[PDB]
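Asks: Let me begin by handing over the structure; questions about it come next.
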Amino acid sequence: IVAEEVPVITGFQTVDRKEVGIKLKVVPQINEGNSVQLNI
Amino acid sequence: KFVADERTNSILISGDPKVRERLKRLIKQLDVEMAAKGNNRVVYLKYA
Numbered sequence: 451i452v453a454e455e456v457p458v459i460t461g472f473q474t475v476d477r478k479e480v481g482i483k484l485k486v487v488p489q490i491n492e493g494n495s496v497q498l499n500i
Numbered sequence: 203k204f205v206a207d208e209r210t211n212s213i214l215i216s217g218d219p220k221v222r223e224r225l226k227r228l229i230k231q232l233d234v235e236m237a238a239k240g241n242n243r244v245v246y247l248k249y250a
């Protein structure tokens, strides 16, 4: 995750932090040679 | 007649020196140990 969280108001107004940025969640498994399978 | 111990894992015998001849023969006959059969196998899945 690369992100910066700006303040968010979902309501004197309430603010909720959420993150905007680049996130990459990957779960590779390798064919016993070469090709890689990616759940991304 | 016949004995053995599996403390020692040894045939004991009661009887003839003919029983000693033939039952040293069977002392020797089933001493053999089976070669490993690969009873279990670890398989590397390529994809699934």
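If you read the sequences in order, they're chains O and A.
When the letters of the first sequence are read in order and numbered with the deposited numbering, they come out as residues 451 to 461, 472 to 500.
Position 16 of the second sequence, counting from 1, maps to 218 under the deposited numbering, and the rest follow consecutively.
For every residue, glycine included, the Cβ atom is placed at its ideal position computed from N, Cα and C.
Kindly indicate which three-state DSSP category A/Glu208 falls into: helix, strand or coil?
Replies: coil
Asks: Rounded to whole angstroms, what's the CA-CA distance from residue 553 of chain O to O/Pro488? Just pull it up for me.
Replies: Lying outside 451 to 500, the shown extent of chain O, residue 553 of chain O is not represented and no answer is given.
Asks: Hey, how far is the Cα of O/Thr460 from the Cα of O/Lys478?
Replies: 11 Å
Asks: Specify the secondary structure class of O/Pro457 as computed by DSSP and reduced to three states.
Replies: coil
Asks: Cβ closer than 7 Å: which chain O residues qualify as neighbours of A/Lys248?
Replies: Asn491, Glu492
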